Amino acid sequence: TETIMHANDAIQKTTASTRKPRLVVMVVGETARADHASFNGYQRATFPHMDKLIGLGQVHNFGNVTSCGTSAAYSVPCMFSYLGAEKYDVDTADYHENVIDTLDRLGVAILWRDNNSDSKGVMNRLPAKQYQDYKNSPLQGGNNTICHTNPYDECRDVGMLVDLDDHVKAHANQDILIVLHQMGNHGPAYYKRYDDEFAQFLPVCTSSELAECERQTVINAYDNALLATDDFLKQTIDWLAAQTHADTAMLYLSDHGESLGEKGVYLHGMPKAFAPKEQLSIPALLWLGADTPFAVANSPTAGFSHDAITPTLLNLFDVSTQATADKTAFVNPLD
C-alpha cells in the first residue's frame, strides 16, 4: 500500500450478524481543562448534567487525563494515531494508517462532523461524503442549522446532533462510529462560545485581550462555555439512550487544556516540553448504554492519556490486532 500500516492483521472478532450493532459517539472536545470540571473537584458547577450521571453510575470519570500536545493541530492526529505521544510527529502523521482507516476497512460506517477546524488529516483517505463541515451554515457551504441563535452568527456544537437518525437509518445492521469535533472552549473570545442560556457565571470578559480584563471575568466566560459543553454532552447521551437496538457508548476527551492566567500565561499552544500543566490536563468521560457488555479498564499508575483512545475504539468495535497489545485502553477487550 501507499500507507504505512500498523494494523494490517486487524479483524473483527464478532460482527453485527451475530450480535447487536455497536454505535459509538466519540466527542473530540476543545480547550476544556480537567481542573475546571466539577467532577474533578472544581468548586463551581460547570458540569451539572454529567455530575448527575456520574452519581447514578452511568458516566465514568477518568479524572486528570494527559493530552499529547497543546493545540488541535498537534493533538487531533495523535489522538487517532497508532503511534502514541512519544513517537508521534505532526509533520508525517498523514502517512500512517490511523484507527479510522482500520475501522473503515473492517466495515464500520464512520461519520465525522466538525465544528472546530477539520479532522487534521484523519479523514483524508475516506470518501468526502463521510466528513461534514458544521462550522458553516448551509448557505455558507456547510451543514449546521444552529448558527443564528446568537449575535455572532457562530455555529453551535448542538447543531451536530441534529438528525443523527439519518446516518443510523442509512446504515442498518452495521457498526457505526460518529466523531463530533466541538468548538467547545476555544478562545480567546470565550464569551462568543455559548448561547445566552449559559451566561450564568457573571460578569464576563467581552474582549479578546484577556490580560486586560479582570482575571475572574475571563474565568467566568470560560466556565460558561463549559456549561454549554455539559449540555451538549447531555443531549448526545439522551440521543444514544434512545438507540436501544445497538450497544452504545460515548467517549469524551478534550484535545488539550488552557492557561487562565497562572504565572501570566493565557490560551494554549505552548511547546509540550515547556507547557504548563494546565495546558496538558484534560477531562475524560465514558458513558455506556443499558446492559453494556463492556467493562472499564484498570487505571495506569500515572493516569490515562490520549494514547488510550485508539485501543479503546478498537476494543469497542471488537477489533483484534497485535497493534494494541500492551496498550492502555479505557475499556477492556471483550473475550
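Start at 1 with the first residue shown and count on from there.
Mean C-alpha B-factor is higher over 267-275 than over the other stretch, the pair under comparison being 51-59 and 267-275. The stretch with the higher mean CA B factor, choosing between 221-229 and 82-90, is 82-90. Within the selection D165, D157, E209, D195, the deposited Cα B-factor values reach their highest point at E209. Of the candidates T70, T46, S299, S281, the one whose C-alpha carries the top B factor in the deposited record is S299.
Among the modelled residues of its chain, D291 has a C-alpha B-factor that falls in the highest third according to the deposited record.
Among all modelled residues in this chain, the alpha-carbon of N315 has a temperature factor (C-alpha) in the middle third. When the CA B factors of the chain's modelled residues are split into thirds, the value for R113 lands in the lowest one. In the deposited entry, the Cα temperature factor of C205 sits in the top third of values across the chain's modelled residues.
Compared with the other modelled residues of the chain, the Cα B-factor recorded for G107 ranks in the highest third.
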